[PDB]
Every structure is written in structure tokens, then in C-alpha cells.
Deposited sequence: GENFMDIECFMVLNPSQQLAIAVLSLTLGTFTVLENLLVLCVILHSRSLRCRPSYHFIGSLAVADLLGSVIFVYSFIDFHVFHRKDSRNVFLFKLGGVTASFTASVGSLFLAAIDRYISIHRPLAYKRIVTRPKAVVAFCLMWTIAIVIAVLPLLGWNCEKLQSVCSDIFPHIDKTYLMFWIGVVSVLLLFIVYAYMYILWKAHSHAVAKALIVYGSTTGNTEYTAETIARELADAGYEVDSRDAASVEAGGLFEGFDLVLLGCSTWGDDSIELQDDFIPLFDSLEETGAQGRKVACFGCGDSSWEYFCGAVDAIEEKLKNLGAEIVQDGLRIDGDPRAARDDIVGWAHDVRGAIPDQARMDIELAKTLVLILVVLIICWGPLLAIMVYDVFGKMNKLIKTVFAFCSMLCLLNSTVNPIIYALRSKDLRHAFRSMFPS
């Protein structure tokens, strides 16, 4: 019975008509304009491809037109269609909107690969490869929407029918959910991965291993760490007496070695610093930015010779010395300006927030639009559908149009080349 699938409340039909026609027309005119500026940009600029932006516009323009027409016709006009004709109209909507998420899926792959393997990115993502991928992605989407027409429906299969969608075997619906859920979850994973990855590299991490006996070099390290705390470093200052040599510097943009000079007859390192000094090769110092500091006294012939021995092994082990050592004579509290001045100099030698906002918005948009829609379908596969939920679905089906309306704003508007191409269409 076709009439069981219809929102029949006249007040509800009107709201369905208002939202559908308003959003659909804005969506049609938006993506139409995007396609217009794509083709004008290709007239004057050879370099920007617009593969993702163009594909998404075609998918949304086609989908909104087929949807809004069939949707208004079915719910407001109560078209009783032959089974196959209805599946045909459903097929267009399914292919276009499945193509829309596939386009978002391929763009997500492009960005994920850029972050995951930035050097190899120029080999794996090529203009010839992208053309083939988008062509195949579109083809798969059409084939997925043609099976009910070919006979993957409940009437020919003699199986349970969907309560949400007329003439739809539940197994086909469950299959279609799994395809879209995998695409959507990867898009979620990719961008969540990118946010995590960017967050770690945002703030630099500093590592101060200090060896002091009477607390002088500790006071220097603590005075140094406080200056780096103001600049927004993630400082971990460790007494040398309690450290693991292996991988000690792992994951640090900057390492600071503060040792005291303690030679009675000849130069000697501070005792707690000595086991760490012997195991420098194990610390993975090679290729790391390091600076040295230390306390001492001018009365002794070798002024801060400990800072000399360390830098000589670090420069030999391959760590890049950012600056020459910091050498203090007498109480460091007297030279506090020289200490804090040093931090600034060594700090001197060496987030993409706007991007971060955009990625979160997409995920918020995606979760808001596809989430509730798919969940109701999951219900229909397993449980029983009452009139209330059917009604909710009709209004939730409108959520997809919204996604089609904001997509030009999210991506096309954000493209620098497109804005230059739009301005190009004016006399100047």
C-alpha cells in the first residue's frame, strides 16, 4: 500500500514544501554558479584543476533537482507510481547523494595522504590518477543505485519490505548503509587524525636535563624553564640523577644540557650528570637542536669547562648547537638578566588554526546531517516503524538538502583561485 509511506497532514505538507523549495532553489543556483566560475577559470588559468570542487557541485546540483521534484511530487501530490518508475526516481537520488559523499571521501584521502606522507604525496596523488578515481567513483555510485531497478526489491525477492522506503528490500538498504558509513567514518577518522597531528606539533617541547650539587645550576634551569613557559613551550626539566639514557631526547624540538664544572685537579663533570654523559650515543642526540649552560667560578683556571666537554661531544655526535654555551660565574641569582637574556637568544634561533576551525565544522556538519538520517534507516532494517518515526524521517530527509547548500560555502568559497576567477568576470 503506497499511501502508508506518505506524510498526509496538510500543515506538514506545507512545511515540507517550503523547506524543500527554498533550499533546493538556493542549492541549484549556488552549484550552478560554481560550475560557471569553474569554466571561466579554466579559460584563463591552466593550473588549478578543480576536480574535487567540480565533482561535488555536479553531484549536489543533480541530487537536489531529482530529490526536491520527486519529494514534492510524492508527499504533496501523492503520486502513485508503478514500482519500477519509483525505483528509477529513487535511483537518481541515491546515485547523486552517494556520489556527493564519495567526492568528500576522495578529498579526505587527498588531504590525509598529504599529512601522512608529505614527501611521497607528489607520487601517489597525480592529476591522471585523480581523473581515473573520480570517474570510477561516479561509476560505482551509479551501479549501486541500479540494483533495485534490476530486481533487488522486496516484491521480486519475496522478502520483507522497508517501512520507510516503498518497494525496498531491507538487505539492500542495509548494504547501502554500510557503504556510506565506511566512507563517512574514514572522513571522520582522517580529519580527526589531522587535528590530533596538528595539535602535537603546535607547541614546541623543551627538555632540560640539569646536574647541580648545591642547587646553582638547578636555579639556572628553573629560571630558564620559566622563560620558556612564558613563550608557550612544553618544558620538562629533569635532574640528571634520575633519567633513562635511551631515547632521552626522543620527541623534543629542543634539549638543554645544564651541567656544573667540578674539577679539583682537572676538569670534571657533576657526579649526577656523569652516567648520562657516558651514554650520550644512546640518547639519540644526532640531528637535534641543543644548547648548553652551566655554573662555575672565575677563580678556577678552566671557567665552566664542563660546558666545553658536553658541546664537544654533542657537536661530534651531530646535534646542531643552536647557540654557544651559557657560562655563569659565582651566584647565578646575580646574573638573572644574563640567564633570561640567554633563553631569549637561544629561543630566538630556530598551528593552522583557520584550517582547524574548518575541519571541525565539516565533521559537525556531517554528523548533524547524515547521522540522524542513517540511524532511522538502521531502525527500519531491524525494528518496527510507527507513524511518528516515518514522519520524522521525512523531515530528516530534508537535512540532506542543507548539506548540499553549505557545501559550496565550505569548499568552493574557501578556494583562493575561485574568488580570483569570480572577480575576473568583472571589468577591470
Missing residue ranges, deposited sequence indexing starting at 1: 1-5, 356-360
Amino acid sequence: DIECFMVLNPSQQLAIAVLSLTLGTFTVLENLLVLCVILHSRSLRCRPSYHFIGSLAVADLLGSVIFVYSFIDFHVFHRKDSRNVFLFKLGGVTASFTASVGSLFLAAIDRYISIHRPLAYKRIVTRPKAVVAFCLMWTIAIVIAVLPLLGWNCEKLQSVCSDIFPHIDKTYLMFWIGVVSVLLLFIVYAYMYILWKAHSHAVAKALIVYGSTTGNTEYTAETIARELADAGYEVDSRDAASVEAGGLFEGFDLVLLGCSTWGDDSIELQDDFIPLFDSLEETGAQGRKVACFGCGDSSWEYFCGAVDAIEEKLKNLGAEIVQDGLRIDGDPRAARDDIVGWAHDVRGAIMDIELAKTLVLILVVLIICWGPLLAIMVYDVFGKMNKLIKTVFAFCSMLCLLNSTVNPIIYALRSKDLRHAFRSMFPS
From here on, numbers count along this sequence of modelled residues.
If you average the CA temperature factors as listed in the entry, which stretch comes out higher, 381-389 or 48-56? 381-389
When the C-alpha temperature factors are averaged for each of 63-71 and 366-374, which stretch ends up with the higher value in the entry? 366-374
Quiz for you: based on the deposited Cα B-factor, which of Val85, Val160, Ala145, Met174 is highest? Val160
Which one of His116, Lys170, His78, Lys89 shows the top CA temperature factor in the record? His116
Could you look up the Cα B-factor of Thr261 in the entry and say which third of the chain it sits in: lowest, middle or highest? middle
CA B-factor ranking of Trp300, expressed as a third of its chain: highest
Divide the modelled residues of the chain into thirds by Cα B-factor and specify which third, lowest, middle or highest, holds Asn153. middle
C-alpha B factor of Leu136, ranked within the chain: lowest, middle or highest third? lowest
Select lowest, middle or highest to describe the third in which the CA B-factor of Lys129 falls within its chain in this entry. lowest
